[PDB]
Each structure stands twice: as structure tokens, then as C-alpha cells.
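Each remark here refers to the structure printed beneath this line.
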Amino acid sequence: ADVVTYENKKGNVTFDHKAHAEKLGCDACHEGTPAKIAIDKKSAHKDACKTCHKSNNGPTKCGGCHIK
Ligand code: HEC
Ligand code: HEC
Ligand code: HEC
């Protein structure tokens, strides 16, 4: 999908898949044929999400991802 929401206790995270793709291109996150990427607390706080944000305006602070 173009937008993915990860409902959770700390506050729902909205992942705008389309927006990220437009700015980075598919191979920024997908190796080979684009397929689903398992997202959980551990991956999100590391290489699947947070790590890349450390180089841009991307959110690294808790509230930048977790809203309410
Ligand atoms: C990192 C910021 C990404 C970029 C850039 C693109 N994709 Fe992605 N994609 C990413 C994640 C974290 C996930 C999992 C989302 C979830 O369901 O939790 C995905 C998933 C896909 C899928 C899987 C099938 C589906 O149900 O959508 C496809 C087919 C996919 N991504 C395609 C794709 C293409 C072609 C991209 C360039 C336009 C692209 N992605 C960029 C993360 C990232
Ligand atoms: C680089 C390879 C990235 C990965 C992996 C993820 N994100 Fe990202 N994110 C990236 C950029 C370049 C930006 C900055 C946008 C800009 O133009 O300044 C962002 C931004 C976000 C945001 C902030 C609000 C928004 O503009 O959408 C959120 C909430 C966000 N990213 C979430 C997010 C999640 C949950 C990811 C893993 C599924 C993820 N990002 C990966 C670059 C990269
Ligand atoms: C965006 C790059 C994030 C930042 C920065 C932080 N978190 Fe996060 N967190 C993010 C996602 C996409 C997820 C996965 C949700 C899922 O579907 O499983 C999480 C999850 C958590 C959780 C677990 C919530 C639960 O109900 O189990 C916690 C407790 C959590 N995150 C805490 C947290 C804190 C305090 C942060 C600052 C250090 C933080 N997160 C940043 C994405 C992102």
C-alpha cells in the first residue's frame, strides 16, 4: 500500500510508503524484487526505520514517529 499504520501502545506510527519511495527510490530499502519487509519494535528502532533517519530530517525522537 501507499500508507501503512502501525497501531501500538506508545502511539501509532504512520509510514507513508509512497512518500519514502518518491524521495529515495526502491533499492534504498528493498534488495532485489521488492517484497514485504517485516516490521517490529526491534527492526523499526534499528535498520528498518530509525537508523536511516539519523542521516536526514527523518524522525529519531520518540514523538517523531509515535503520535499519541
Ligand atoms: C524504505 C523507506 C522503503 C522504500 C524507499 C520503499 N519501500 Fe517498499 N516497503 C518498505 C517496508 C517497510 C515495507 C513493509 C510495509 C508493511 O506492510 O509493514 C514495504 C513493503 C513493500 C511491498 C510488499 C507488498 C505489499 O503488501 O505492499 C512492496 C511490493 C513494496 N514495498 C514495493 C516497493 C517499491 C516498488 C518501491 C519503490 C517505488 C518501494 N517499495 C520503496 C519500505 C520501503
Ligand atoms: C532511509 C533509507 C529511510 C528509511 C529506511 C525509513 N525512512 Fe522514514 N524518512 C526518510 C526520509 C528521507 C525522511 C525525511 C523526509 C524529508 O523530506 O525530510 C523520512 C521521514 C519519515 C517520517 C516523518 C514524516 C514524513 O515526512 O512522513 C516518518 C514518520 C517516517 N519517515 C517513518 C518511517 C518508518 C516508520 C520507517 C520504517 C517502516 C521509515 N521511516 C524508514 C528516510 C527513511
Ligand atoms: C520511527 C523511526 C520510530 C522511532 C524513532 C521510535 N519508534 Fe518505537 N516503534 C516504531 C514502530 C514502527 C514500531 C512497531 C510497532 C508494531 O507494529 O509492532 C515501534 C514500537 C514501539 C514500542 C512497542 C509498542 C507495543 O505495543 O508493543 C515501544 C514501547 C516503542 N516503540 C517505544 C519507543 C520509544 C520510547 C522511542 C524513543 C526511544 C521510540 N519508540 C522511537 C517506530 C519508532
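All residue names refer to the C-alpha cells as shown: chains lettered A, B, ... in order, residues numbered from 1 in each chain, ligands numbered from 1 in order.
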
Which residues are close to residue 8 of chain A, i.e. within 10 Å by only C-alpha atoms, leaving aside same-chain residues fewer than 2 positions away? Reply as a ChimeraX atom specification.
/A:5-6,10-13,41,66-68

Can you list, as a list in words, all residues belonging to chain A that DSSP tags as alpha helix (DSSP H)?
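Reading the DSSP output for chain A, alpha helix (DSSP H) covers residues 17, 18, 19, 20, 21, 22, 23, 24, 41, 42, 43, 44, 50, 51, 52, 53, 62, 63, 64 and 65 of chain A.
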
Using N, CA, C and O atoms, can you export the residues from the last selection as a PDB file, in the first residue's frame?
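What landed in part13.pdb:
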```pdb
ATOM      1  N   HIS A  17       4.627   4.996   2.740  1.00  0.00           N
ATOM      2  CA  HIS A  17       5.438   4.211   1.821  1.00  0.00           C
ATOM      3  C   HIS A  17       5.679   4.927   0.501  1.00  0.00           C
ATOM      4  O   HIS A  17       6.798   4.937  -0.012  1.00  0.00           O
ATOM      5  N   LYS A  18       4.632   5.535  -0.049  1.00  0.00           N
ATOM      6  CA  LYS A  18       4.772   6.239  -1.319  1.00  0.00           C
ATOM      7  C   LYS A  18       5.726   7.426  -1.230  1.00  0.00           C
ATOM      8  O   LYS A  18       6.578   7.604  -2.101  1.00  0.00           O
ATOM      9  N   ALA A  19       5.582   8.233  -0.182  1.00  0.00           N
ATOM     10  CA  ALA A  19       6.442   9.400   0.001  1.00  0.00           C
ATOM     11  C   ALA A  19       7.909   8.985   0.113  1.00  0.00           C
ATOM     12  O   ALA A  19       8.780   9.599  -0.496  1.00  0.00           O
ATOM     13  N   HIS A  20       8.186   7.953   0.901  1.00  0.00           N
ATOM     14  CA  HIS A  20       9.564   7.480   1.043  1.00  0.00           C
ATOM     15  C   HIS A  20      10.111   7.023  -0.317  1.00  0.00           C
ATOM     16  O   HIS A  20      11.238   7.342  -0.684  1.00  0.00           O
ATOM     17  N   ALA A  21       9.305   6.274  -1.059  1.00  0.00           N
ATOM     18  CA  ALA A  21       9.726   5.768  -2.365  1.00  0.00           C
ATOM     19  C   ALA A  21      10.055   6.889  -3.343  1.00  0.00           C
ATOM     20  O   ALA A  21      11.010   6.796  -4.106  1.00  0.00           O
ATOM     21  N   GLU A  22       9.260   7.952  -3.307  1.00  0.00           N
ATOM     22  CA  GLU A  22       9.448   9.090  -4.195  1.00  0.00           C
ATOM     23  C   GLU A  22      10.758   9.825  -3.937  1.00  0.00           C
ATOM     24  O   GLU A  22      11.382  10.346  -4.860  1.00  0.00           O
ATOM     25  N   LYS A  23      11.173   9.858  -2.676  1.00  0.00           N
ATOM     26  CA  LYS A  23      12.391  10.548  -2.292  1.00  0.00           C
ATOM     27  C   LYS A  23      13.646   9.692  -2.331  1.00  0.00           C
ATOM     28  O   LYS A  23      14.735  10.191  -2.590  1.00  0.00           O
ATOM     29  N   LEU A  24      13.496   8.398  -2.095  1.00  0.00           N
ATOM     30  CA  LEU A  24      14.653   7.521  -2.042  1.00  0.00           C
ATOM     31  C   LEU A  24      14.802   6.517  -3.168  1.00  0.00           C
ATOM     32  O   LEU A  24      15.918   6.182  -3.552  1.00  0.00           O
ATOM     33  N   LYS A  41       9.097  -3.898  16.713  1.00  0.00           N
ATOM     34  CA  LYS A  41       9.809  -2.966  17.576  1.00  0.00           C
ATOM     35  C   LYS A  41      11.318  -2.973  17.329  1.00  0.00           C
ATOM     36  O   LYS A  41      11.924  -1.922  17.125  1.00  0.00           O
ATOM     37  N   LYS A  42      11.925  -4.155  17.331  1.00  0.00           N
ATOM     38  CA  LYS A  42      13.366  -4.249  17.130  1.00  0.00           C
ATOM     39  C   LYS A  42      13.861  -3.745  15.774  1.00  0.00           C
ATOM     40  O   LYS A  42      14.819  -2.977  15.710  1.00  0.00           O
ATOM     41  N   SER A  43      13.216  -4.160  14.689  1.00  0.00           N
ATOM     42  CA  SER A  43      13.662  -3.710  13.376  1.00  0.00           C
ATOM     43  C   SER A  43      13.407  -2.218  13.172  1.00  0.00           C
ATOM     44  O   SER A  43      14.258  -1.506  12.644  1.00  0.00           O
ATOM     45  N   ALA A  44      12.250  -1.741  13.620  1.00  0.00           N
ATOM     46  CA  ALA A  44      11.901  -0.333  13.462  1.00  0.00           C
ATOM     47  C   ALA A  44      12.855   0.605  14.202  1.00  0.00           C
ATOM     48  O   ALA A  44      13.213   1.667  13.685  1.00  0.00           O
ATOM     49  N   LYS A  50      14.646   3.635  12.003  1.00  0.00           N
ATOM     50  CA  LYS A  50      15.435   4.620  12.734  1.00  0.00           C
ATOM     51  C   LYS A  50      16.850   4.917  12.231  1.00  0.00           C
ATOM     52  O   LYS A  50      17.233   6.081  12.090  1.00  0.00           O
ATOM     53  N   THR A  51      17.630   3.877  11.973  1.00  0.00           N
ATOM     54  CA  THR A  51      18.997   4.078  11.505  1.00  0.00           C
ATOM     55  C   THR A  51      19.102   5.031  10.315  1.00  0.00           C
ATOM     56  O   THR A  51      19.940   5.924  10.309  1.00  0.00           O
ATOM     57  N   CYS A  52      18.262   4.854   9.299  1.00  0.00           N
ATOM     58  CA  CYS A  52      18.333   5.751   8.151  1.00  0.00           C
ATOM     59  C   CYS A  52      18.003   7.193   8.521  1.00  0.00           C
ATOM     60  O   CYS A  52      18.597   8.131   7.986  1.00  0.00           O
ATOM     61  N   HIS A  53      17.045   7.372   9.428  1.00  0.00           N
ATOM     62  CA  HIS A  53      16.639   8.707   9.853  1.00  0.00           C
ATOM     63  C   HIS A  53      17.777   9.521  10.468  1.00  0.00           C
ATOM     64  O   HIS A  53      17.745  10.746  10.457  1.00  0.00           O
ATOM     65  N   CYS A  62      11.382   9.851  19.847  1.00  0.00           N
ATOM     66  CA  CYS A  62      10.192   9.018  20.022  1.00  0.00           C
ATOM     67  C   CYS A  62       8.911   9.603  19.445  1.00  0.00           C
ATOM     68  O   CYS A  62       8.174   8.912  18.745  1.00  0.00           O
ATOM     69  N   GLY A  63       8.651  10.868  19.756  1.00  0.00           N
ATOM     70  CA  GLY A  63       7.438  11.524  19.293  1.00  0.00           C
ATOM     71  C   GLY A  63       7.374  11.837  17.812  1.00  0.00           C
ATOM     72  O   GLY A  63       6.313  12.207  17.302  1.00  0.00           O
ATOM     73  N   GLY A  64       8.504  11.704  17.123  1.00  0.00           N
ATOM     74  CA  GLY A  64       8.531  11.974  15.698  1.00  0.00           C
ATOM     75  C   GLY A  64       7.834  10.864  14.935  1.00  0.00           C
ATOM     76  O   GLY A  64       7.312  11.079  13.843  1.00  0.00           O
ATOM     77  N   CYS A  65       7.840   9.663  15.506  1.00  0.00           N
ATOM     78  CA  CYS A  65       7.183   8.524  14.885  1.00  0.00           C
ATOM     79  C   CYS A  65       5.882   8.192  15.598  1.00  0.00           C
ATOM     80  O   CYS A  65       4.834   8.068  14.969  1.00  0.00           O
TER      81      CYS A  65
END
```

Hey, which residues come within 6 Å of ligand 1 if we count only C-alpha atoms and all ligand atoms? Could you give them as a compact mmCIF listing (two decimals) with N, CA, C and O atoms, in the first residue's frame?
```txt
# COMPACT_ATOMS: atom_id res chain seq x y z
N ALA A 1 0.85 -1.22 0.00
CA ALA A 1 0.00 0.00 0.00
C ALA A 1 0.87 1.24 0.00
O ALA A 1 2.09 1.16 0.15
N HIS A 17 4.63 5.00 2.74
CA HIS A 17 5.44 4.21 1.82
C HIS A 17 5.68 4.93 0.50
O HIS A 17 6.80 4.94 -0.01
N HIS A 20 8.19 7.95 0.90
CA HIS A 20 9.56 7.48 1.04
C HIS A 20 10.11 7.02 -0.32
O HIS A 20 11.24 7.34 -0.68
N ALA A 21 9.31 6.27 -1.06
CA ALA A 21 9.73 5.77 -2.36
C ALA A 21 10.05 6.89 -3.34
O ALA A 21 11.01 6.80 -4.11
N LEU A 24 13.50 8.40 -2.09
CA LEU A 24 14.65 7.52 -2.04
C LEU A 24 14.80 6.52 -3.17
O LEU A 24 15.92 6.18 -3.55
N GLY A 25 13.68 6.04 -3.69
CA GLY A 25 13.76 5.04 -4.74
C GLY A 25 13.70 3.69 -4.06
O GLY A 25 14.12 3.56 -2.91
N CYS A 26 13.19 2.69 -4.77
CA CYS A 26 13.02 1.34 -4.23
C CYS A 26 14.21 0.65 -3.57
O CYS A 26 14.07 0.11 -2.47
N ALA A 28 16.55 1.69 -1.97
CA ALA A 28 17.06 2.33 -0.77
C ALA A 28 16.74 1.38 0.39
O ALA A 28 17.49 1.30 1.36
N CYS A 29 15.65 0.63 0.25
CA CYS A 29 15.23 -0.30 1.30
C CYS A 29 14.99 -1.73 0.86
O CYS A 29 14.98 -2.64 1.69
N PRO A 34 11.24 -6.15 -5.01
CA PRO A 34 10.58 -5.58 -3.83
C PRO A 34 9.56 -6.53 -3.21
O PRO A 34 8.65 -7.02 -3.88
N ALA A 35 9.73 -6.80 -1.92
CA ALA A 35 8.84 -7.69 -1.18
C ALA A 35 8.59 -7.10 0.19
O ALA A 35 9.26 -6.16 0.61
N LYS A 36 7.61 -7.66 0.90
CA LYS A 36 7.27 -7.20 2.24
C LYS A 36 8.47 -7.24 3.17
O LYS A 36 9.30 -8.15 3.10
N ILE A 37 8.58 -6.23 4.03
CA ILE A 37 9.66 -6.14 5.00
C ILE A 37 9.01 -6.22 6.38
O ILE A 37 8.20 -5.36 6.73
N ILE A 39 8.18 -5.62 9.92
CA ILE A 39 8.43 -4.51 10.83
C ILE A 39 7.95 -4.79 12.24
O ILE A 39 6.77 -5.05 12.46
```

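Atom pair atom 25 (C, counted along the ligand's line) of ligand 3 / atom CA of residue 33 of chain A: separated by 29.8 Å.
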
Would you give me, as a list in words, the residues in chain A that DSSP reads as strand (DSSP E or B)?
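DSSP on the backbone gives strand (DSSP E or B) at residues 3, 4, 5, 6, 12, 13, 14, 15, 16, 66 and 67 of chain A.
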
For the residues in that selection, give me N, CA and C atoms as a compact mmCIF listing (two decimals), in the first residue's frame.
```
# COMPACT_ATOMS: atom_id res chain seq x y z
N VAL A 3 0.29 3.89 2.12
CA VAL A 3 0.42 4.34 3.50
C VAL A 3 0.17 3.16 4.43
N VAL A 4 1.03 3.01 5.43
CA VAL A 4 0.91 1.92 6.39
C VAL A 4 0.93 2.48 7.80
N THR A 5 0.01 2.01 8.63
CA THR A 5 -0.07 2.47 10.01
C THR A 5 0.21 1.32 10.97
N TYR A 6 1.11 1.56 11.91
CA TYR A 6 1.45 0.54 12.88
C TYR A 6 0.85 0.96 14.22
N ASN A 12 0.49 5.26 17.64
CA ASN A 12 0.51 4.82 16.25
C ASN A 12 1.57 5.49 15.37
N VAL A 13 2.22 4.69 14.54
CA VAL A 13 3.24 5.18 13.62
C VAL A 13 2.69 5.12 12.20
N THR A 14 2.73 6.24 11.49
CA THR A 14 2.25 6.29 10.12
C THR A 14 3.43 6.25 9.15
N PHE A 15 3.51 5.17 8.37
CA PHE A 15 4.58 5.01 7.40
C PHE A 15 4.06 5.29 5.99
N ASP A 16 4.41 6.46 5.46
CA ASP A 16 3.99 6.85 4.13
C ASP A 16 4.97 6.21 3.15
N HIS A 66 5.97 8.05 16.92
CA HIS A 66 4.82 7.71 17.76
C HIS A 66 3.97 8.93 18.05
N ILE A 67 2.76 8.97 17.49
CA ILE A 67 1.84 10.08 17.70
C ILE A 67 0.68 9.61 18.58
```

Atom pair atom 25 (C, counted along the ligand's line) of ligand 3 / atom CA of residue 9 of chain A: separation (Å):
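So the answer is 4.8 Å.
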
Restricting the calculation to only C-alpha atoms and all ligand atoms: of A:7, A:48, A:54, A:31, which residue gets closest to ligand 2?
A:48

Atomic distance atom CA of residue 58 of chain A - atom 16 (C, counted along the ligand's line) of ligand 2, expressed in Å with one decimal:
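Here the two named atoms are 6.2 Å from each other.
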
Between A:2, A:27, A:32, A:56, which has the minimum distance to ligand 2 (counting only C-alpha atoms and all ligand atoms)?
A:56

Counting only C-alpha atoms and all ligand atoms, the residue of A:46, A:59, A:30, A:38 that sits nearest ligand 2:
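Between A:46, A:59, A:30, A:38, the residue approaching ligand 2 most closely is A:59.
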